[PDB]
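>>> My complex, part one, positions kept as in the full thing:
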Amino acid sequence: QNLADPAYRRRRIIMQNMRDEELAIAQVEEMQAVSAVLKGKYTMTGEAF
């Protein structure tokens, strides 16, 4: 009933994608803490690294 331009749709996609990347950072950030105070050891290993 109320559309918009793909330009503001592009803005929405940009904001959503920023949100997703921030969430992914916050989530992957806890991996090292989990390893650290879960074993006293940690593995920073993954493809492209």
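It's in. Numbering: from 1, shown residues only, chains lettered A, B, ... in the order given.
>>> backbone phi and psi for residue A:26, please?
Dihedral angles phi and psi of residue A:26 (degrees, to the nearest 10) take the values phi -60, psi -40.
>>> So what's the residue count around it?
A count of neighbours around residue A:26, defined by other CB atoms under 10 Å, yields 9. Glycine gets a C-beta too; all of them are placed from N, C-alpha and C.
>>> And for residue A:24?
Residue A:24 is surrounded by 10 other residues when neighbours are defined as other CB under 10 Å.
>>> For residue A:37, see how far away it is.
Counting by CB to CB, to the nearest Å, the separation of residue A:24 from residue A:37 is 22 Å.
>>> add chain B to the structure above, sequence below:
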Amino acid sequence: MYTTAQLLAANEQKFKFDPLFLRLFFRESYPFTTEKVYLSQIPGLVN
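One more piece, chain B, placed on the ones above:
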């Protein structure tokens, strides 16, 4: 004809019914302008 009937109060037979559902769950109301209505949801799962 000589009857002299004196009428007293009546009952109500009221019911035990309260919404509890539009009053607790469906609290916000929306009229319609179209015939159909969608209900979209965004499933988010980052990696």
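>>> Go back to the neighbour count of residue A:24, now with chain B?
By other CB atoms under 10 Å in any protein chain shown, 12 other residues sit near residue A:24.
>>> how much space between it and residue B:44?
When distance is defined by CB to CB, residue A:24 is 11 Å away from residue B:44.
>>> helix/strand/coil for residue B:12?
In the three-state summary, residue B:12 is assigned as coil, counting by DSSP: H, G, I helix; E, B strand; the rest coil.
>>> so what's it up against?
When contacts are counted by CB atoms under 8 Å, 6 or more residues apart in numbering or on different chains, residue B:12 is found next to no other residue.
>>> need the residues of chain B near chain A, please.
Within chain B, the positions lying close to chain A (CB under 8 Å from any CB of the partner chain) are B:33, B:34, B:44, B:46, B:47.
>>> Sequence for chain C below, add it please:
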Amino acid sequence: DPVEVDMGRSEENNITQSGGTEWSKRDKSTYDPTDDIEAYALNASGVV
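This next block brings in chain C, placed alongside the chains you saw above:
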């Protein structure tokens, strides 16, 4: 001369515990009679 009065009571307000479940065919310790109380209080036609 006899004068009969139907006060307006409904039969479902005139329950008899008759059956296999009144109160004495139960364990006094394990059973809670309040269940019967609400089962009978539904047709109360107001607060009791």
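>>> In light of the added chain C, please revisit the neighbour count of residue A:24.
Summarising burial for residue A:24: neighbours were counted as other CB under 10 Å, giving 12.
>>> ok, it to residue A:17 distance?
When distance is defined by CB to CB, residue A:24 is 10 Å away from residue A:17.
>>> Repeat that for residue A:41.
Between residue A:41 and residue A:17 the distance is 34 Å, computed by CB to CB.
>>> Could I get the contacting residues of residue B:14?
residue C:46.
>>> Write out the residues of chain A neighbouring chain B.
Taking CB under 8 Å from any CB as the contact definition, chain A meets chain B at A:1, A:20, A:23, A:24, A:27.
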